[PDB]
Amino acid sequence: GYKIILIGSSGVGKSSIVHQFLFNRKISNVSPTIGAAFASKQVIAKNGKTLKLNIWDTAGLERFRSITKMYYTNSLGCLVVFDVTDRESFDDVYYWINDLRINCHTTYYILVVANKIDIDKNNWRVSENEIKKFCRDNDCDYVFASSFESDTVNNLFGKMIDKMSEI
């Protein structure tokens, strides 16, 4: 299988994204993550291979960082999620990626997820240009999503799946 972790500050929607990827309904059973939670899903990649995604959904709360840190190692893909209205959550992305890289040398693809795009654009606290510029400087990709819109979750996992299939 392919180890994928979701990291990012508390409340950005990591668990909502994972539940949407796993289940085809409205999401409703979500509380803050403490210990990392595991799920697996087998998917057909564009090259026709079946890939098993081994997914760990980790805690964003600051007091639980010493749990989340124990899940970095041996990750092949990472989704780093932030909330477009939560400026601190965006500033935190740099440090999430920095910390992952201190602890893990195996990641092949880091995808920054700008989440909660359903919120009115005039309430966003980060611009598309800032997001693109950040990623251009930090050897990572970006995508825009809303946990409540399955089309955006299918898309962001599709990008991750395509990259895993290149390994």
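In case it trips you up, residue 1 is the first one in the sequence shown, and so on.
Quiz item: When the C-alpha temperature factors are averaged for each of 66-74 and 46-54, which stretch ends up with the higher value in the entry?
Solution: The recorded data point to 46-54.
Quiz item: Taking the recorded C-alpha temperature factors, which stretch has the higher mean, 23-31 or 129-137?
Solution: Stretch with the higher mean C-alpha B-factor: 23-31.
Quiz prompt | Residue of maximum C-alpha B factor among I110, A114, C104, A36, per deposited coordinates | solution = The record points to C104.
Practice problem: Quick one: classify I167 as lowest, middle or highest third of the chain based on its Cα B-factor. | Solution: As the PDB entry reports it, the C-alpha B-factor of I167 lands in the highest third of its chain.
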